[PDB]
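Enquirer: Sharing a structure with you now.
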Amino acid sequence: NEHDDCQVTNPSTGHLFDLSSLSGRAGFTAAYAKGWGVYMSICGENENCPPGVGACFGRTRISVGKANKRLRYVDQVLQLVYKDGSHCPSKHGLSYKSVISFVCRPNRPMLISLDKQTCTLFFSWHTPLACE
């Protein structure tokens, strides 16, 4: 399933996942192993980033994706995908893009991996909000 406004239903059970208590411009710092972190906001722009940007490198404020509210539910996790970030330094003109996977936890996000060859950033966040 996919749905807008920072919420999605599990069509099997009619359970509504709602990430909107994580929303707002103050946002969060995603931890990063190689260097400073990433400012990020859930389902909206981060005030520490350029207009409309949901996540950006904390050192430079360079965009790693425009915010949107399209929450997906897939293989038992919630995902947001911020597209159209800044241009990445690789082979073809590729723009950054952030994937934010929320997994169930019966808590800050982490940047776990950065695909250099697709300029995709993968984040994880363990949260009781993705539980069912």
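Easy rule for this one: first residue shown is 1, then count along the chain.
Quick reminder: no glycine exception, Cβ is built from N, Cα and C everywhere.
Annotations per Swiss-Prot:
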DISULFID  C6-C43  disulfide bond
DISULFID  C49-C56  disulfide bond
DISULFID  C88-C119  disulfide bond
DISULFID  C104-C131  disulfide bond
Enquirer: What same-chain residues, at least 6 away in sequence, bring their CB to under 8 Å of the CB of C131 (disulfide bond)?
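Expert: Residues satisfying the criterion: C104, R105, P106.
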Enquirer: State the Cα to Cα distance, in Å, between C43 (disulfide bond) and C49 (disulfide bond), rounded to an integer.
Expert: 14
Enquirer: Sort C104 (disulfide bond) into helix, strand or coil using the DSSP assignment.
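Expert: Looking at the DSSP assignment, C104 (disulfide bond) belongs to a strand.
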Enquirer: Between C119 (disulfide bond) and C6 (disulfide bond), what C-alpha distance do you get in Å?
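Expert: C6 (disulfide bond) has its Cα 24 Å from the Cα of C119 (disulfide bond).
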Enquirer: Tell me which of the disulfide-bonded residues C6, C49, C56 ends up closest to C88 (disulfide bond) in space, Cα to Cα.
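Expert: Comparing Cα positions, the candidate nearest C88 (disulfide bond) turns out to be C56.
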Enquirer: Just to confirm: which same-chain residues, 6+ apart in sequence, have a Cβ under 8 Å from the Cβ of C49 (disulfide bond)?
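Expert: Result: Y39, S41, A55, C56, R61, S63.
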Enquirer: Let me know the whole-Å distance spanning the Cα atoms of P106 and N107; 5 residues are not modelled in that stretch.
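Expert: On either side of the break, the Cα atoms lie 12 Å apart.
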Enquirer: By the DSSP assignment reduced to helix, strand and coil, which category contains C88 (disulfide bond)?
Expert: coil
Enquirer: Which of these disulfide-bonded residues has the least crowded Cβ, counting other Cβ atoms within 10 Å: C6, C43, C56, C104, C119?
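Expert: Comparing Cβ neighbours within 10 Å for the disulfide-bonded residues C6, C43, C56, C104, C119, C104 has the fewest.
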Enquirer: State the three-class DSSP label for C56 (disulfide bond), counting H, G and I as helix, E and B as strand, and everything else as coil.
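Expert: Where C56 (disulfide bond) sits, the three-state DSSP reduction gives strand.
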Enquirer: For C43 (disulfide bond), which DSSP three-state class applies?
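Expert: Reduced to three states, the DSSP call for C43 (disulfide bond) is coil.
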